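[1] Enclosed are the sequence and the experimentally obtained structure.
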Amino acid sequence: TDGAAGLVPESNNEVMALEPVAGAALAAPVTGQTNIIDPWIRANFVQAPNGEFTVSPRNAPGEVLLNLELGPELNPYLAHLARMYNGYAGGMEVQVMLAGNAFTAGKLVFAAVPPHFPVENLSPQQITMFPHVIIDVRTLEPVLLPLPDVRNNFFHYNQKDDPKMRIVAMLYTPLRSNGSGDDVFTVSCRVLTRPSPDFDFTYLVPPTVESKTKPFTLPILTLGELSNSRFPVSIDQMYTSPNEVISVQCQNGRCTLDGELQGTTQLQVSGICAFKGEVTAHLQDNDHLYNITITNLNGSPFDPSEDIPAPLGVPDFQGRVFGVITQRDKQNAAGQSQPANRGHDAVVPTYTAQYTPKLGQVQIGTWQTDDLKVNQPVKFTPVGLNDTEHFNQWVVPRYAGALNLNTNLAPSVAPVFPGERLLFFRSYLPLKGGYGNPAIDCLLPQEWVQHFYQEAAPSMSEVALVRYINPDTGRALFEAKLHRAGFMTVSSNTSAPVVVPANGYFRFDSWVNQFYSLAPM
Amino acid sequence: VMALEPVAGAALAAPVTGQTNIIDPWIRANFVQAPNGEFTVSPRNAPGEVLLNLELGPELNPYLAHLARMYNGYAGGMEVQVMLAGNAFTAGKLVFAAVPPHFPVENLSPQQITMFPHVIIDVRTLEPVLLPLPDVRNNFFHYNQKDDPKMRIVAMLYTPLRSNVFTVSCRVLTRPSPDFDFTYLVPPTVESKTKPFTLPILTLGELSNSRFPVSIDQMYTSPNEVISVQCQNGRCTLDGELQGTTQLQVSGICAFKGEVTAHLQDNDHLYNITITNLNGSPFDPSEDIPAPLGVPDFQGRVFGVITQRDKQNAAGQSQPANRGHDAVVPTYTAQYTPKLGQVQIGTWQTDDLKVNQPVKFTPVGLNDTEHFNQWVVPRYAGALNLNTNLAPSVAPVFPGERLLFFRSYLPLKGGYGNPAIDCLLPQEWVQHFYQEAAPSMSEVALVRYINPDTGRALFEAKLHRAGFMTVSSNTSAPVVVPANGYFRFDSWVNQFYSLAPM
Amino acid sequence: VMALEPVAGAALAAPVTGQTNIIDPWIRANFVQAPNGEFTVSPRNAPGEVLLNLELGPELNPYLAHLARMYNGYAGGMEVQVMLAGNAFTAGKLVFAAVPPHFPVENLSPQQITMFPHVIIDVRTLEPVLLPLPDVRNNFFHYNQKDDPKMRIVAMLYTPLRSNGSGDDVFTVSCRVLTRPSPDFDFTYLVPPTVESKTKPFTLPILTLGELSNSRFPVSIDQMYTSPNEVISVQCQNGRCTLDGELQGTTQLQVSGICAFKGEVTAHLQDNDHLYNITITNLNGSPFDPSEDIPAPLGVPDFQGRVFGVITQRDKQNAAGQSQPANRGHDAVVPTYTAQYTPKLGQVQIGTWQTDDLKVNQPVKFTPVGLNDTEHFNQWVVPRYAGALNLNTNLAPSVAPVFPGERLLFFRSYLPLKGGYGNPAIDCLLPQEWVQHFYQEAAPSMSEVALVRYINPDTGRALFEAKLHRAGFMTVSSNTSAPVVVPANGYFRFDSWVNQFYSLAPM
Amino acid sequence: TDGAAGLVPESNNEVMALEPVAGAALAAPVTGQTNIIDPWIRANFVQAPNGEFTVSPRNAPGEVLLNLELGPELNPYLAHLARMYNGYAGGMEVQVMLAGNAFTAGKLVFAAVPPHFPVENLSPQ
Ligand SMILES: [Zn+2]
Ligand SMILES: [Zn+2]
Ligand SMILES: [Zn+2]
């Protein structure tokens, strides 16, 4: 009050033109129990899981900075309480703290959008056709907004087929500043929620049984415990994307945060860059080549009319993968009816016309060792690459050879905010011979893929804001954006190994959108 | 029929707390089954053994166990009811008593348990009986982190129970007394000591072996001459403690890395190697470990590939050179001493290795089945040294039970055979137990293998606190299952629970 | 304000205690600065950084910490006052939360600290704010002996600092925390003063660098020397004693007992040099039980090398001179890297250059001087105390600086030789006088790290600061390895107990 | 008042917790004359001979910036008057003007130390 010298506006005197809407007392004669809530949660403002957003000079006017659907997932206490109830009815109370510096100048607009109205293409003047309020970014005392639960039935259920009343923020001015120094004056804003007096839960169910109420969590695993999801080795370091790479497409190690596997991704660590089949041919060139009818990795025949580009776990890059193939006979030739065994080196070229794993054929090679039976089962175990000839890790091989197209591919991913590049997890691979130091970068570790598949929690936004925490210092090193497609982006200008301690971990902070300005590394 | 004084709740602790919260009144309506409310009574039991031991807490109710992850303390009592399931031919009686906080219950006679507040019931009954469990204490309230003793319910057989094989199934259902309340709101799901125990929902085609880096293909019951095992990779309690040479990464099992420091000559060129840790740290043999985490823990001849990348880039002018060849690590011989810090290898008639250059091992399988006995832990310091800091040996104690394994088949290089590596837990279970690290409310858990389409449980086993599973079977055979089955945590039991025959 | 209900104090404990004591009313008014109550907020910080982590108790107020050594117990809360130093052309916010006793505060999110009783204050606030720190417990009062956890109060950066700088230095908000007792704080029961342990405060002796001495060899201290780049984790066996006064390894109390042994002679051989195998007892005269939990008898050397010294012999029976026994004393060398130096088994072998004058079966006494030569001189290798056929058991743990950018701080002392070329030195962690003072005082450690400062006596200002750990070693925040150039008549002064997250000023 | 735009604190509202101490009227029955002082010197603030000190960014926190012993040499008029008297009894009144710029930020602490207490090694707490 007295600390600010009269340089900023102290309070906002403007209301939304909304009517008092009924809550859960309307739903009383048709529901079952009408449970209650602890009175400390009712009367204290707590930061929402959609809490953080920033206004920056990189933002253009007319961008949607905030889009809050009504629910019990707007409060971190109600989000834990709502996992043992069946439904709800009622509104919330939202508080926005946006007290910026005294040298900046900008304005924001908040509006109330009805249930079945589309929000995807609002102009800056269409948002003034709703009950709205205009707030500048220098106000000291925080503003209060309603969220009144307009509906046409008695209460809601935990199903996803009823649209609800939203609040929508938009940038309304360019956020200029007339400070004398060239210093960062980017405004940091917070959103704090508490339930209305007319809010209640409905009906006690078993806890943590229903979907639609599971929360998103990250596992606490350090960088030394992570594993690569494109090759069966361990993760060495993190490494930013070069200026030539702007979008990637790599069918292994891909999973959305909702828990959907895409491309040829699977869950087993041992099944990456590996296959299993039956030798059907013999080719006598300078080197020895064989044809293998591959199956799935569990022991079932591979149907080519499945909705996948390849059998799950095949190599997804151009190169020459080096490994060891082994044989075990289906019959019993000798030794108390024990089968005999052979195991030799191999090489799988994936850029040629003989690597068509969607059709069913994978052709390998062994150098000058033609000791391999026909019509016996085989298994491939990858070690690395034999040479860096024709090694490009960002080109997808043709899974049906030439004269065909790849189908059901996972989509490409790229950053969109200005000044941001991709953040990879880099492991260095062994070679058989030659000069090189190759590397394979993955989007996600394999443990995160398994965790996202087991939890199957929904996503309340498109981007999640994480931070890299050093546990021996207790101070955050950098922050990043975890996208719903399953990739991370950072705000940097170089391409270099990120030098961090290897016993640090990522911590989930908040849900943001695609206009959040990251802090520069 | 009991008679005790009325005992206060958390309203006594009002002037020394912060918030004075309340609770949902609809939780006091239904009786909900306890998370450790399963026990059986059989005519193989005798009066004198304690069949049930329930300590008072918020974990006796699945709604209070969910609410207790956002609060800090509690005080108050709970109400208990018990159901039995027996026909008219059973003939016995069973007694339930209320035992104070600091009383020793070790070898109580059945005629001494009647000197408490008690009830006695016939087994041929059809109605559930009620047990009041108050909260006697000499402090103001309880914390969720410190653990002082509390008031119990102790069950025991009272008459032999001659039944004219037939196992009576009993269940416990609890609900909170009206004087129960919590203390102080905290961030939810961040304290320990209130996290419930769960298993991952993963099918058998998604789990990998924890002793050799390959996949699991079938379950197996232990043979008759194998009565106790002691392995080092894959040892983990249900609390999250990693014992032995156990780590979390799948890609590092039976693997190591270091420097080539010496050279010997024989039929096959040899190459002595000084090893380090897998993360890249110098190994100190003054730690309390058997050996470097992840080294092989059985006696055999491990066949793999050794790769070498140089440390200077002189050849080629921008990048360093690369050498990769096969290897054998014999773990039964005299020069396999990873505790001391040296592991010797062998390549057949191939000499292209360079000394003082960093290397790496990648296991593929074995090559020869001679000296392959997978239940001997090798001498990690050679001779003239006892193995220190080993993981304890595990063995069933109930009559008729044997070990359930997770079998996986290994690739050989040459010769004849079909070897098999058996493990206790999969690697994903070890990972889950390390991340969640929920406490153990008892010593033995109870799981069931479930067909997920119909919901029917196919068989059941006993998952112990030490990290192993035992079934009740008479033969040694593969377990035949549907393709999408998994395990599910059911209850916490004691050592007197009789399993259904497999 | 923080949503907290009133909590009872020492008036709750009235019908279960016997004396009804009061204190001075002037202490209940003055605001005294907390011992670790200061922090600065910088533009480099990120949201979610913990800044205070204070805790309730009589150790906040140095008047109550002096009165607490007369009484038997206490109960009650305090009043906290937070001041800031900013101006009107700034932006940023802080949060102050109230954490219960048994709740672990370990890397909390900035969202998760809003789920406590909290206030959110801007960095522009002109007036100092007042927070309550109540005494939540599940008993009637606390005892001065039995320690139990108490309610903490935690500060955290909520929103980063936005300001424009002045020049080559950026703006910085500095904060101070002051406390005073609540009107319901009180003590319980008058006892004799300074009798009970657990109330004794930790101090350091006022001895300068010229008056102290080495703890791994009986030589005086020469200088201070930061650890090299290839030295990251040491493990010695002499000079090891925790701040609570527990002697670890083979550490004893006497200065003259370092690298010294005593016992009888049993054997004689002469392959080249004279050998004289020697059985050993303790340094007081008791037979050494080899099954003791100690790694070796207390005061044997703890490094590889060839310790050159003088061995004397005084025989039991009186041969001549009217019942006065005879004497002899020569030079010898004990090598510690060979397979003959087994003090855990009970045998130490010496070596004498061509002097066959040492009678067997008469007791001896070794007095070390220096080294034989710099051959096999590795001062950071623990010798095999049982030779071969056994490994070293029950040692002291290894110590290492875990903070990014910190090195160990040693006490360097040079050493004489018998012959040859070199300038060797023995580095120790703590002096012997610090070990003796910590053993005699036995004051408890309130935290895991203590903060000390080197003091120049004529100006009274600090030259550098270091972190004294509970295990008995010091670390400084320096990036080189060089002798520390300070005046020789300086000493250290104990400042406060800090956390494991205190960043030292760069040296 | 109005020239500073509300950018700086205008006044300090804090006292030291000291009691009223007697002066030279206590010493009357044992002394000789009890002389007096010109009333213009009594009611006007004059700069002390220890008058000037600065706070700078070169200063470390915890430095003693000011140490005033009681005497008649704290006033330039009393220091000239005191050269013809034998003794004194009583206190003084000190005024510190420290009105700095509106962009700076710092704090000072002033304390009252008894007669026979050592001041050479005070910590900030
Ligand atoms: Zn061929
Ligand atoms: Zn050779
Ligand atoms: Zn001799």
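    Received the coordinates, thanks. Numbering: from 1, shown residues only, chains lettered A, B, ... in the order given. Ligands and ions are numbered 1, 2, ... in the order given.
[2] All the strands of the stretch 351-500 of chain A, residue numbers only.
    Assigned by DSSP state E, counting those that start in this stretch, the stretch 351-500 of chain A shows strands spanning A:355-356, A:361-366, A:377-385, A:420-428, A:433-435, A:439-442, A:463-470, A:475-483, A:488-491, A:497-498.
[3] helices or strands next to the second one in the packing?
    Applying 3 or more CB pairs under 8 Å, 6 or more residues apart in numbering or on different chains; DSSP states H and E, one finds that strand A:361-366 makes contact with strand A:288-294, strand A:341-349, strand A:355-356. Yep, even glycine has a C-beta here, placed from its N, CA and C like the rest.
[4] same deal with the third one?
    The helices and strands touching strand A:377-385, judged by 3+ CB pairs under 8 Å, 6+ apart, are strand A:276-279, strand A:320-328, strand B:301-309.
[5] and of those, who's closest to ligand 2?
    strand B:301-309 (13.8 Å; CB to the ion).
[6] Partner strands of that closest one, with direction?
    Paired neighbours of strand B:301-309 in the sheet (DSSP bridges): strand B:321-330 (antiparallel), strand B:358-366 (antiparallel).
[7] ok, and what's touching the first one?
    Just to be clear, that refers to strand B:321-330. For strand B:321-330, contacts defined as CB atoms under 8 Å, 6 or more residues apart in numbering or on different chains pick out A:322, A:383-384, A:430-436, B:296, B:300-310, B:315, B:336, B:343-348, B:350, B:352-354, B:361, B:367, B:371.
[8] returning to what we had before: could you dump the strands of the stretch 351-500 of chain A into a markdown table with distance to ligand 1 and mean neighbour count added?
    Shown next, in a markdown table, are the strands of the stretch 351-500 of chain A (distance: least, CB to the ion, whole Å; neighbours: other CB atoms under 10 Å in any protein chain shown):
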| stretch | distance to ligand 1 | mean neighbour count |
| --- | --- | --- |
| strand A:355-356 | 19 | 20 |
| strand A:361-366 | 8 | 19 |
| strand A:377-385 | 15 | 23 |
| strand A:420-428 | 34 | 20 |
| strand A:433-435 | 22 | 16 |
| strand A:439-442 | 31 | 22 |
| strand A:463-470 | 52 | 20 |
| strand A:475-483 | 49 | 20 |
| strand A:488-491 | 47 | 21 |
| strand A:497-498 | 44 | 14 |
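[9] Tell me the bridge partners for residue A:435.
    residue B:321.
[10] What is the burial count for residue A:304?
    11 (other CB atoms under 10 Å in any protein chain shown).
[11] With residue A:50 instead?
    Quick note: residue A:50 (other CB under 10 Å) scores 21 neighbours.
[12] next one: residue A:343
    So residue A:343, with other CB under 10 Å, has 23 neighbours.
[13] what residues go with each domain of chain A?
    A:1-214, A:215-271+A:387-521, A:272-386 (curated CATH domains).
[14] looking at those domains, which is closest to ligand 3?
    Nearest to ligand 3, of those and by CB to the ion, is domain A:215-271+A:387-521 at 56.9 Å.
[15] Need the distance between the two termini of the closest one.
    29 Å (CA to CA, to the nearest Å).
[16] mind checking how far that domain is from the chain centre?
    The chain centre lies 9 Å from the centre of domain A:215-271+A:387-521; the measure is CA atoms, centre = their mean, to the nearest Å.
[17] Would you format the domains of chain A as TSV with distance to ligand 2 included?
    Formatted as TSV, the domains of chain A follow (distance: least, CB to the ion, whole Å):
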stretch	distance to ligand 2
domain A:1-214	59
domain A:215-271+A:387-521	19
domain A:272-386	21
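[18] could you measure residue A:255 against chain C, distance?
    According to CB to the nearest CB, to the nearest Å, residue A:255 stands 24 Å off from chain C.
[19] right, I mislabeled it, should have said residue A:79
    12 Å.
[20] Count the residues that sit near residue A:404.
    So residue A:404, with other CB under 10 Å, has 12 neighbours.
[21] let me redo that: residue A:388
    By other CB under 10 Å, neighbour count at residue A:388 equals 18.
[22] before we move on, what about residue A:416?
    Residues near residue A:416, counting by other CB under 10 Å: 9.
[23] First-to-last residue distance for stretch A:77-91?
    Using CA to CA, the two ends of stretch A:77-91 sit 15 Å apart.
[24] again but with stretch A:440-457, I slipped
    Start to finish, the residues bounding stretch A:440-457 are 29 Å apart (CA to CA).
[25] now swap in stretch A:114-129 and tell me
    Using CA to CA, first and last residues of stretch A:114-129 are 12 Å apart.
[26] Go through that stretch and flag the buried ones.
    For stretch A:114-129, a neighbour-count test (16 or more other CB atoms under 10 Å in any protein chain shown) marks A:122, A:127 as buried.
[27] Report the distance from it to the chain centre.
    With CA atoms, centre = their mean, you get 28 Å for stretch A:114-129.
[28] Repeat that for stretch A:332-343.
    48 Å.
[29] Please point out which parts of that stretch sit buried.
    A:338, A:339, A:340, A:341, A:342, A:343.
[30] swap in stretch A:298-307?
    A:298, A:302.
[31] End to end on it, go ahead and measure it.
    Stretch A:298-307 end-to-end distance (CA to CA) = 18 Å.
[32] Tell me the residue of the stretch 151-300 of chain A that sits nearest ligand 1?
    residue A:288 (3.6 Å).
[33] count of neighbours near that residue?
    For residue A:288, using other CB under 10 Å, the count is 19.
[34] same check, this time on residue A:104
    22.
[35] Distance-wise, check it relative to chain D.
    When residue A:104 is compared with chain D (using CB to the nearest CB), they lie 18 Å apart.
[36] and what of residue A:67?
    From residue A:67 to chain D the distance is 39 Å (CB to the nearest CB).
[37] Then residue A:10?
    When residue A:10 is compared with chain D (using CB to the nearest CB), they lie 13 Å apart.
[38] Kindly report the same for residue A:83.
    Distance from residue A:83 to chain D, by CB to the nearest CB: 48 Å.
[39] sorry, back to before: let me have the helices and strands packed on strand A:361-366 in TSV, extended by distance to ligand 3.
    Shown next, in TSV, are the helices and strands packed on strand A:361-366 (distance: least, CB to the ion, whole Å):
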stretch	distance to ligand 3
strand A:288-294	74
strand A:341-349	64
strand A:355-356	80
